[PDB]
Structures are given as C-alpha cells and as structure tokens.
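Cβ coordinates were reconstructed from backbone atoms using ideal geometry, including for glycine residues, and neighbour counts include every protein chain displayed. Just so you know, all these numbers are worked out from the coordinates, no wet-lab data involved.
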Amino acid sequence: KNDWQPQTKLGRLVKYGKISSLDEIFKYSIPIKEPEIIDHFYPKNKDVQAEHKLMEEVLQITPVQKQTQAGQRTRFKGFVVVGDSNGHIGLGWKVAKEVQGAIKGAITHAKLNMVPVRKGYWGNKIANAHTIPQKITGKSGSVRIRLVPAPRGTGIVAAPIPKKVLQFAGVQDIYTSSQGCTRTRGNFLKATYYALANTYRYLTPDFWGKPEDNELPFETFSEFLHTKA
Amino acid sequence: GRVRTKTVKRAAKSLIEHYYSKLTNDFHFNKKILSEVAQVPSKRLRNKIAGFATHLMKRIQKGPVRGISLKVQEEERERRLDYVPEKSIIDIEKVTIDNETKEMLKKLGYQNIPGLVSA
RNA sequence: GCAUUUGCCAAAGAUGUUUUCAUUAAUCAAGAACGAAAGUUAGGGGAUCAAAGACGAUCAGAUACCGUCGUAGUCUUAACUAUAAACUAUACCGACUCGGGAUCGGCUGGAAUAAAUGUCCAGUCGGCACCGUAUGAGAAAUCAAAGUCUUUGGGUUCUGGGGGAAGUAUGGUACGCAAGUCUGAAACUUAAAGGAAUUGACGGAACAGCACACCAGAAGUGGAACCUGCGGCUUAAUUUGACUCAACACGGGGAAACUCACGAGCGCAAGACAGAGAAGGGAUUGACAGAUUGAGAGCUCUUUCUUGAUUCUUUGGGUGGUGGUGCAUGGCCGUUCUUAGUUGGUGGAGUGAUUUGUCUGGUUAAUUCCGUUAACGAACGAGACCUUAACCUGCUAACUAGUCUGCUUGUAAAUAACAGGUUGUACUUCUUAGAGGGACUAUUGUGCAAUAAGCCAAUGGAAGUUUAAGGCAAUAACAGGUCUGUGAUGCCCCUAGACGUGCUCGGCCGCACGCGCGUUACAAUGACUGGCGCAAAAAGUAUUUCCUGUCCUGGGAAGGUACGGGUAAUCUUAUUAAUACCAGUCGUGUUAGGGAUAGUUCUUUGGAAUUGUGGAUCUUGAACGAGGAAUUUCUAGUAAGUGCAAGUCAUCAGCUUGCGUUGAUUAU
RNA sequence: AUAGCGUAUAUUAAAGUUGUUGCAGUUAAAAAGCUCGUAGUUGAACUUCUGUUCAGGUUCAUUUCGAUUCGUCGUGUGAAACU
Ligand SMILES: [Mg+2]
Ligand SMILES: [Mg+2]
Ligand SMILES: [Mg+2]
Ligand SMILES: [Mg+2]
Ligand SMILES: [Mg+2]
Ligand SMILES: [Mg+2]
Ligand SMILES: [Mg+2]
Ligand SMILES: [Mg+2]
Ligand SMILES: [Mg+2]
Ligand SMILES: [Mg+2]
Ligand SMILES: [Mg+2]
Ligand SMILES: [Mg+2]
Ligand SMILES: [Mg+2]
Ligand SMILES: [Mg+2]
Ligand SMILES: [Mg+2]
Ligand SMILES: [Mg+2]
Ligand SMILES: [Mg+2]
Ligand SMILES: [Mg+2]
Ligand SMILES: [Mg+2]
Ligand SMILES: [Mg+2]
Ligand SMILES: [Mg+2]
Ligand SMILES: [Mg+2]
Ligand SMILES: [Mg+2]
Ligand SMILES: [Mg+2]
Ligand SMILES: [Mg+2]
Ligand SMILES: [Mg+2]
Ligand SMILES: [Mg+2]
Ligand SMILES: [Mg+2]
C-alpha cells in the first residue's frame, strides 16, 4: 500500500495534479492535514542539484517520564525540522514509546506545519534576497528571539539551534537576539519558527495596494471533486 | 447480570441495519435469518445477537431508536408526517399586528401595507 | 481604624451649576502630622477574660494542648513607643483598549398606585465589587490590568541583583526611660535555595464504589486427648528451605534401610586429557589362609601366587558435588487479583511535563452497557471461547449395554406372582455417545425504571442466580519462592583418610515449654446388639508379581492353594459404602458417653520392625460436663454430617485430590 | 590548537545578571504602614495658518524622445520636497 489515497479535498486536488504550486496552497490558506501533499511537491527522483531538495533533521530526542500506578513510564519526545533552503520551513514534534516512532511522527507533524518565510533586502536591492524584510520576533514559553536583517554575506549570527532552523529556511544573512530560558530546546526552536513565520504577517509598505481577487481552488475545481472515484 | 455486551449490540445494529425488511418479532425466525446472513462462530453468540435484535425490532415498532438509522423507513416515516390543509395558518390578506410591532412599522413606514389588522 | 439614643462642634466626597479665579498643577531627598496589638512612665479604675504564676489532670516525660484559679495586662486620664502577613503581599497622577447585569450616593426625564424622604422604568456622574470574554499579558496560578513591551521612551518617588551568614557585628553630636526602632556591614561558607504547575505515592480530609468485609444466620477452631507441621530445648546428629495475609498436612516433606543433605566408623575412583620420568627383564588387578574387622571390606598385616598396559609417580588440569549465592540468572510458581483494569491512532486543550478519549448520572459480577459527551473510532483485559453437569419416548446404532417377543425351568390350581436359562432378518424408554437440536432472560405486564441500558414478577420451560461448577488470565510490579526438580546456568567453594561415588549403624519421630493445620469427643437428635438386596467415581498383571471372584482352613486378624476371570463397558462389579430406617438392650451418673495411655498373647509387609509399620484378642481405662480474650469458612444439592476412591505405597492416612449419600438455618 | 600549548589570578565580551538605549519588584530578591510637603524631576491649548506667480537647481516617473554605448549625456512633459 505504497499508493496514496487522499482523505482531504486538498489531498485529492494535489495528488491528481491540479493545484499548481505549494505556495498557492499557502496563499489560499488551505489547511494541510495530510503529510503526503508535501512529499508531492518534493519529488524523490533524486536529482542532486536542486535547492528544492526537501530536508529533514531530527533536532531533539527526550526521555520523558510519567509516574503511573506505581510505575515510572518513559516515552520519547522528538523535534524535527523540515525545509527546502528556498523559502519553506516547518517544525514538528512527537511523543511515542519507541524512538524511531517519535521521529517518524515528528517528521509527519513538521510537514503538516509547513510555513512560507518571506525574504527581503538589506541595503540596495540587487539579486538574491539574502535576508528578512523587517525585524521580527518569535515567542515561545519564556523564550524570545528577535531576527534583525543583516547586510550581504554577514551570514547567520545566531545560536546553534535557531541557526539550524534559519539555514533550513534559507535565510542567508541575519542578526539574532535572544531572551528567556533558551536551553529549553523546544521553546527555542518553536520561537525561531514562529518568528520566521511572522515575516508574512507583517504589513510592509509594498503590500499596500489592492490585491488580486481570485476564486478559491475548490470553487474552480468543484466539478472535479464531485466526480465519484 | 443479564447486561449485553459490545460485540452483541454492534452485531444487532448491523443485522437490523441491512436486514430490517426481512426481520420478525419472532426470535426463532430472526436467529435463522442471522445464521444465513452472517458468520457467527457460536450458537450461544448467535442466539444472544438474535434475541437483542428481536428486542430492538420491538423497540423500533414503538418509535425512534438511538444508534440505528434505517433511511428507507425514516423517509417513509417522513412522508407519513406531512399533512397540509388548504388554508394553512398563514393568511397573507389578513394579518394581525401588536401595538409595538406597529411602532416598529411606523419606524420603517410599513404601517399601512394591505391587510393589516391592529390589536 | 469606625456600629446604641439624642444634642453640640468643626470637617469630607460625590453630584448639581450658562458661578469665580485663571496654570494656581503631578510626584517628592529635607522636614513634619497620624499610626492595631503588645510593651514603658505617672495617676485612676478593676467586671470580664487573662502572659507570668499556683494547682489539678494527660503523658514514658509534660514547665504543653484540657480543667480550677490568678498577677501584669485588658478600660481610662496625661505622656512615651512606631512595629505587624500595617496584604489587593500589587506606588501616585494621566490617556487608551471588550461585553453584561447588579450594587451604594447625586442628578435627569418617564410610569403606576393607597400620590410619598416610598415604588417601578430609562438615562448619566462618581464609589465598592462581581459575571462572562480577550486574535492582549504571563513560567504558570492567573490578570479588564498583572493589557496598550525587542513594534522596547506619558510624568514622578521608592525597592532587588544566587543561597546562607544577618537585620547579625560595628559606628551613629539619629531616636527611646526601657524594651527596642531607624541606619547597617564584611570575613567566612555554599550549588543550589527558590516560583508556579504535572504525575505518582501518602494523609489521624471530603465523597463514592466493590468483596462473606460486614449484615441475617450456620458449622465451628481457640478450651480436652491424640496426629501432624513450625519454634524453642536437649543432641555425636537432632540435615534443610520457607515467617502478615503472601511460612507453619507447605517443598506432593506419609524418612525404619534406601530416600539424605545430618551424625560416628569404614571402601572405591568411575583422578579423564596433555607434558616429564617410570614400565614388557613389569606398570598395575585379583585373592585363598592366619591374625584383623561391626562385616567371607584382600580394609589392613604376615603370606605368595596370579594378572600383562586396562597404566604408577610427580607437574598441570577435567569429570563429580542435595556445597554457597533467588540480591548473580533462566524456566516455572505464588501474590497484589479473577479485583477491572491498560493502551494507541486522528481530532480538541496546554510553551511544557501532561490532558481529553478513560465522564455527572443510572446500570452490571465486569471501563458491562446505557446515556452524558471535544471527542471519533479501535486493540488488550471482562465477555465471547473451551471442559464438565442438566433437556431429547426425535436421529445414528450397540453381545464388551439393556428392553421386549417366543420358547422353556423352579416354587404354585396355575396364559396369577416372583425368579432363573434361552431366542430374534426384533426394539432404543432406561445404558453407552456421536450428529443435530435447545436458552436468547422467551412470553406477557398502564410493575419500577426520566420508557435507555436494565431491574422485577407471573406463566411456559429440562434449564433463566452470567443456566451451574470450572479452565484460561492484560499493563505493571513485589530485589515474594525456587541453585535441593532439571545434562538450564554466571560467580564462589570441596577435589583421594574429597563437599565425589558406596557400605554398616544411628538422626531427622529425641521433650519444661510456645504457636499452626487437624482427627475424636464431651452423648437420648445418643451408645450398643441384631435386621435391612440404597451409591458415585476412580484404579488394575513385561504372566503366578496387578485388581481379585468362587472354595477351603482358622474363634480372629489372616492363611491355603482347590476351581477361575480380567490389560478390561467383557473380570474384580454394574456389586460391598456409610449416614438413614426397623426391632431390642442401656436409663441422665465419668454411665457401656469418651476412649487417650498401658501389659500379655496372635497375625501381616519387609534381610531388617525393638525407638510399639499396620491389623487381631483379652484386659486397662485418662482428659473432656460444650470451651476465656480472640477468631476461620460459608448462600443450594450449598453448609453440615456420612462413607468411598485416587496420590503417596513393600508396609504406614488423623493429609491431600477427588466421589457420591443424607440434607439444612439465614441472607440474597 | 600547533612552534607553541597547559595552569593560576585581575579585567572584557558573554550580561537585557547594573538596564540611558535596556532589566526586574501579586506569589521567584524586591512598592516605604500612611498622608502633608521644600530641594529635585515634570508640566494643557491659542499668534503669518494660507494662496497665487517666477526662477534655480535636486529628485521622480515614464506610451517623449533622442545621441551614442557596454551606460552616461542631452531633452521632453508633467510630478514632488525644497531653495
Ligand atoms: Mg541568554
Ligand atoms: Mg497602673
Ligand atoms: Mg499513668
Ligand atoms: Mg477564670
Ligand atoms: Mg424623579
Ligand atoms: Mg514581565
Ligand atoms: Mg498566550
Ligand atoms: Mg475576569
Ligand atoms: Mg520598559
Ligand atoms: Mg520432617
Ligand atoms: Mg561443574
Ligand atoms: Mg553427597
Ligand atoms: Mg493521543
Ligand atoms: Mg494530539
Ligand atoms: Mg499543540
Ligand atoms: Mg485516568
Ligand atoms: Mg460508573
Ligand atoms: Mg470508545
Ligand atoms: Mg463462567
Ligand atoms: Mg528475600
Ligand atoms: Mg487369599
Ligand atoms: Mg475395588
Ligand atoms: Mg513391643
Ligand atoms: Mg497404635
Ligand atoms: Mg494400595
Ligand atoms: Mg502430604
Ligand atoms: Mg515566601
Ligand atoms: Mg507646552
């Protein structure tokens, strides 16, 4: 059973090669619950040179304890980052009693959590947006992270963890600032992620004009969906 | 201790669900019906299922039953429930308005629409 | 901090202003006014309580909680003192960000009446709050501020910078009569101390389940003799494991030898395999006979004759070990517990550990179901499953079951009755036991259930307590038990007068006592003497050995071996049990109740019975007159009584595991 | 790491753990028991707004164009904030 049968309307729309690009899903803000939709846009034919290669990384694995009916019952938590270096990043975490299990479930989670980082210009606008449009802030638990845009080739100035996240996002050049208890790795990761996410939340002056008015994919593709397969 | 279990009630639901047109108030009929219709590994089991399903036939004869949705019988029951007289209650040409309703109609200006009787 | 009436004195907010002034304001080192209680000084006052104190009680000790007293205090004038968890632990002035009723004080309209210092309604200003809610905040608890904070700046005082040291030392032309207040260190030492919240565990908190836990009862143990385990105590040795359920008639643990580990005294090697030496001109084995010994153990000693590498001496080293270690371990097994519990996926909630699911409530033996439902569906466990028991005058058949039919035989007047023997293209009620039925809580119920799960009753039914009684037993544990069940083992120990393998005699059974299972009784619902065609379930011969049927002998337990059957639905046997019943004796007293303990005889199993293996006959006849504090198990063919088998086993049941017979009281 | 490399001590970043930028003070250390108040710090709104015309650049845009060239220049025209 290596063939994917979509349980989501969006899932159908994706598998059958109807919705064009991933970012489009992001645009119409269609919830992705199915961790297939994502592997779709990232083909496993394995051409080594694409920067659109989708990357997975285990970050954390934690032995979590419970006190239950006189026993001490351990599970594992894990954190996972997924990203193509080009614009797209997700973070996920899962608890399970078997390690490789926690890992798989967390990969799946992270995929469901995919988010569109926005890339801006520091100084004069020439070629590759190497950084963020504004300064922004992640907040998780106690922790805070501030992302400030840096000039060309500054590189990522940031702790090992948020650095890893940012590299997955494909921010080349950045300045970091962190508050809170940062050694809480899940909160640090979370913060960096949410921060990276807020890039598109910020209304910058270039976003000021009237947007395009389009119909949702579902309204256009309504005919397709109501055929019975 | 005669409380009946999960397996049995799921079973009975299913058996009625698909077969209601075939089923009788008689246990001895329904048990044979079940036997033909299904794979039941035990005599005892089948009989428990048949008994409960019979019980539920009787409960269905009386009215609506939670957990079982017989769409055919429910649509028949729905057509049953409609009865319409020719006059309705709703008379467009004669309608009665409170004092306060009248005040709001004054506000909109509709106080004088044809066929409006104040009370 | 302020709560009785009235009068007086000055003061205050809010509201109401088409009044006046016109920045006069905000906050605040100096400096000042207050400031609970307790305490201090000088007078008063003194009823209540009441530090100190005096006593009672409690307690191991109480200089405490409790009780009887009682001083200072408590109250009051003048004065000091300045401190509290002086608490919203939350600085003041100012903006701005949600919703909703209500409340206290003004005012503004409106409405009703019994027409007012009263009601109601709608506004609004100011107070004290509350209830929702935040796509605001926070580590959270929580917060309409604790919001408008890395998108960080409205104004202003104060305070903090890990924990202790320590509010200590010291200095105060700072205070105080004093107590003390205010100011206030460092050395030194230390990795944590600390905050919220989660899950457990626990509670001398609240609530709710369930179980013979208790309730209504019964049989009783605990009291007695004896039996059999533990512990003590003797012992050469009294082998040993196992101590609350979850050790202690448990280790199949009923031991005369054996078993067997303990004890005393003796014998063997089954010390392989390798290296060195020795050996064929001899390694080594054996053994008459005399001593010797418990012993025809050639064990030893004298005595030589055999025997012919099966190897001997060392040096290494393996076999073997009921020797240690269950806290090195496997396996198995107890126990929580047969209780009803335990998970995960996808959705919901938390930054998170985690949570919901898995629940208020009914209902069930059951997280069994119904229903509630941010949860939806599922898995394990329970159920189902499986075994035994209960129903079939219907099926399939039976000489290794029975019935009938027809013949006969005996006793009899016998197509009577009761018994045998035969019989058949016979038959299935009884008996085997295969197939298939059957029960599902069925039918009914203006019975209780919020009409849902379910419970209840009556009827039918072989069967309606989950039909009954069982087997199986999740997740997790408990360093539970087991090296002594294992040729499952790690590690440790013993290795030739061995902790190896044998033989002989003891020992585990030894008795002032303590503690457990139990058998038997204390009698009249009884004991004893007769009579009486009532069971079930188990077993059974490697041929004489195993069940045993006739028969004979003996007064008896038991012996013959005379005739026989059975490896068994055929034979023991479809019997042989005992309570029970019917007669008769005995007559409420240590009586024949009760028989412990003893002495002769006889028999049986075993080489061996002494330290009585069991059984038989005469004697002998104890405690015990219904059991203190305590406490066990148990709801129907059930308890209780009553015998029978099987395991053990040559012999030995007061034990165990089962089997029926007679059959309850009381709950449900 | 490397002809260098350990160690001790003061000091710098790490430290938004001294904080003007920039911290905390309901419960983690932290709002003074409470008012008055001088120094100090802090302070409501109003006054030549505005419009019209000229020029100079400086920027901007580009359906104005041009010239040449590897990009500046000239020019439009309007559009700005200026001066
Ligand atoms: Mg930091
Ligand atoms: Mg005085
Ligand atoms: Mg005393
Ligand atoms: Mg007194
Ligand atoms: Mg009025
Ligand atoms: Mg804060
Ligand atoms: Mg939040
Ligand atoms: Mg609130
Ligand atoms: Mg600030
Ligand atoms: Mg013994
Ligand atoms: Mg060995
Ligand atoms: Mg031995
Ligand atoms: Mg889950
Ligand atoms: Mg989840
Ligand atoms: Mg979440
Ligand atoms: Mg729970
Ligand atoms: Mg319940
Ligand atoms: Mg469910
Ligand atoms: Mg059962
Ligand atoms: Mg132990
Ligand atoms: Mg004989
Ligand atoms: Mg017999
Ligand atoms: Mg004798
Ligand atoms: Mg005797
Ligand atoms: Mg025997
Ligand atoms: Mg025994
Ligand atoms: Mg504290
Ligand atoms: Mg000004």
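On the basis of being of a type in the set (D, E, K, R), away from ligand 1 (no atom under 16 Å from the Cβ) and within 22 Å of residue B:81 (Cβ to Cβ), does residue B:44 make the cut? Answer is no for this residue.
Consider region A:78-120 and keep the residues that are of a type in the set (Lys, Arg) and under 18 Å from the mean Cα position of the chain (by Cα). The one that is farthest from ligand 1 (Cβ to nearest atom) is A:104. Identification of strands (runs of 3 or more DSSP E) wholly contained in region A:121-229 with 1 or more residues that are under 20 Å from the mean Cα position of the chain (by Cα) and within 10 Å of RNA strand C (Cβ to nearest atom) yields A:136-140, A:143-149. Name the single residue, out of those in region B:57-76 being in contact with a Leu (Cβ under 9 Å, 6 or more places away or on another chain) and part of a helix (DSSP H, G or I), that is nearest to residue B:14 (Cα to Cα). Ranking the candidates gives B:57 first. Looking across region A:53-76, the residues that are under 30 Å from residue A:23 (Cα atoms) and of a type outside the set (A, V, I, L, M) come down to A:53, A:56, A:57, A:60. Of B:31, B:71, B:94, B:106, all but one fail to be among the basic types (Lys, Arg) and under 23 Å from residue B:3 (Cα atoms); the exception is B:31. Can you say whether residue A:123 is buried (at least 17 other Cβ atoms within 10 Å of the Cβ), more than 14 Å from RNA strand D (Cβ to nearest atom) and either away from chain B (no Cβ under 14 Å) or of a type outside the set (A, V, I, L, M) (or both), as far as the supplied structure shows? Judged against the criteria, residue A:123 is not a match. For region A:74-104, the candidate set comprises residues that are farther than 11 Å from residue A:168 by Cα, outside any helix (DSSP H, G or I) and of a type in the set (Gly, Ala, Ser); within that set, the residue that is nearest to the other protein chains (Cβ to nearest Cβ) is A:96. A single entry from A:203, A:196, A:189, A:166 fulfils the requirement of being closer than 17 Å to residue A:115 by Cβ and without any contact (Cβ under 8 Å) to a residue 40 or more places away in the chain: A:166. Residue under question is residue B:70, and the condition is that it be aliphatic (A, V, I, L, M) and touching a strand residue (DSSP E or B) at 6+ places or on another chain (Cβ under 6 Å); does it hold? Against the criterion (aliphatic (A, V, I, L, M) and touching a strand residue (DSSP E or B) at 6+ places or on another chain (Cβ under 6 Å)), residue B:70 does not qualify.
When B:41, B:64 are checked against the criterion of being free of Cβ contacts under 8 Å to residues at least 40 places away in the same chain and either in contact with a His (Cβ under 7 Å, 6 or more places away or on another chain) or over 29 Å from residue B:80 (Cα atoms) (or both), B:41 stands alone in meeting it.
For region A:164-191, taking the residues that are polar (S, T, N, Q) and away from RNA strand D (no atom under 16 Å from the Cβ), the one that is farthest from the other protein chains (Cβ to nearest Cβ) is identified as A:172.
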